[PDB]
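Provided below as structure tokens are two forms of one protein chain, presented individually as structure 1 and structure 2.
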Structure 1
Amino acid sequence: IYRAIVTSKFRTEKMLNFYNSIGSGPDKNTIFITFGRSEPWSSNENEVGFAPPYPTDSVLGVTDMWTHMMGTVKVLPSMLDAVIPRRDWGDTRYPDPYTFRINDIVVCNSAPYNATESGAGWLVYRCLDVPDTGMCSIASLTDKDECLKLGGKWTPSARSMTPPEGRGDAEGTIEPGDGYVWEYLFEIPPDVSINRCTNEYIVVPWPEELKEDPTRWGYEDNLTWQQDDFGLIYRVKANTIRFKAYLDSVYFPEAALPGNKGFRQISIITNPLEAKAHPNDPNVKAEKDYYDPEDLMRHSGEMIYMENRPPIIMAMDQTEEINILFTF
């Protein structure tokens, strides 16, 4: 008899609680990324389009993971980035380069066809309104607000004749005139773009990092903080965390030996405990940065994510980058 819904702001909430929960202390969580394996999938595993087996969400799956674990890397917050699907205004290398949709977060000033204010990093804007005529996804209802009395995912006809520029009005509202409307959100720093961003995704700072260094993210001229309190991740429907962990082979010389067939498994384990002598002892939370699986209480903590992929070669003191996408 009751009609309820979890609003998308809940998807962001989860993502935030998770990111905030991480910390040192018994009151906090420590997550460890893990790698391991050697037993090659099959012969034809180095082929192109080769899909290894999915990981088995089961205790046998978990143990089959812990058995092949070769080492562990503590994941700190500075390695987690709230990210959203990247969409550059006019990138014809993908679909609909000029036609968008309401609430679509579009990036600008990242390419010659984005160039709007050199010297600044990528500027990200939100699409508030679009051109009248178009399609309402479901049913029909089309005109000035025919699909705006209910507001269903609406794809317009006419295109964006031009990228929005600057930081809009006090509320970042910009009216290009092409029948579109945008809201200036923020500015991504060069290094962040270079180091953290990708072709698929961009980074959204966290409320905290935003409140501490506003100008850094082109968030200073912003007043919507008097309302959202640095809740940008909320404003752009961010609900995805992209990791960025480097495997320091310099740590372990175990597989940094010539041959090596690399590992094919990855897993994120939360709150694993340090191997105890007398099993009837007080469990200890693992808070160091690295660990030898044997130095870790097998099965301790919770395994929230397992990954299977082709083998990855590791050298002497060669640095290997690990990235994963958690969604909420």
Structure 2
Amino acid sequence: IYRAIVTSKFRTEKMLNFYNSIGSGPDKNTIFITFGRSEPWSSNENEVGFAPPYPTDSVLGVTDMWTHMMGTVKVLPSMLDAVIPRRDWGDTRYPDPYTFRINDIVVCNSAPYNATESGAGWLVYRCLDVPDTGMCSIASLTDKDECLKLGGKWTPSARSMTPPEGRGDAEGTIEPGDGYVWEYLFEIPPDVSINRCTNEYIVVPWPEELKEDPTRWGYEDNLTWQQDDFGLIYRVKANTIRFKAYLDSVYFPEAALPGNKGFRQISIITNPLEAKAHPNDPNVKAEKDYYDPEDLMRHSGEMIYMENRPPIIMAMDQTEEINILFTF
């Protein structure tokens, strides 16, 4: 009777809501990362290939996380980046370095096999069309239009000759002539590619910082902002946030003593409350940038993420980077 669905765009929207909800007051959320568990999982926890057991999503699991909690750190907006799968043009160290499909988002100018414009950071492009000669995900369909009309994924047999370059047409269209067609999307500045992007992911600017400094992301020429309001994240189906947070022992010396056993758990709690002199006292949203677990109220807030890992030892004046992915 009923035939409905939610679009790919909704996924990007749940991501933005999450990112945008972070702030202060009763309508916003405060996000904290917790670290804990100084006692071993088992005597083999330090051997290569060791996997610790999965955390348990139950009231017991939450209680356990709190009982072993050693410290907490407030997560700020600037610690969160929207990201998408990284696909480098011409990287002959991975399959299909010269073959792509409609909608693939490829990165150029990020390695010698990519080089196209000394003076520009990494450059990202979306494939708009491919050669008419190839193979369809649905084998029997040997015609591109037929393939695509039925919903098959066409993979061309004619390789991409040269990597796209420049910002293309007034519409961003680029025609290398090898039968491929590309659309310039944006640029990634070095401070970002160098410290925020990884082997598997690239950053895609949030709408606000984009609208704020179009030139920083080589976006000054874009016109689509007249309709999609600098919604680059929706244009590329971004639906994953990556945290880049830090644990500074300077703030938890009592747990970074010369021979401590390290920490093995990480979790994310939204809106934990502050500790209270008397249970019936008013609730206070924890907003300082860090807390000793005992200065927070036990079991308050909502534990939305739980992670167990092999131990990692903290030194008196060192810092541990914590990364975490949220797919929406």
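Every residue number counts along structure 1's sequence, beginning with 1. The term rigid core refers to the maximal set of C-alpha atoms that superpose within 1.5 Å between the two forms.
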{"query": "Core-superposed comparison between the two structures - Cα displaced by 2 angstroms or more, from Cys136, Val192, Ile84, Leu80", "finding": "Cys136"}
{"query": "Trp154 C-alpha relocation of at least 2 Å between the two structures, rigid core basis", "finding": "yes"}
{"query": "Inter-form CA displacement between the two structures at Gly49 - rigid core frame, Å", "finding": "1.4"}
{"query": "Rigid core superposed, the C-alpha shift at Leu232 between the two structures in Å", "finding": "0.5"}
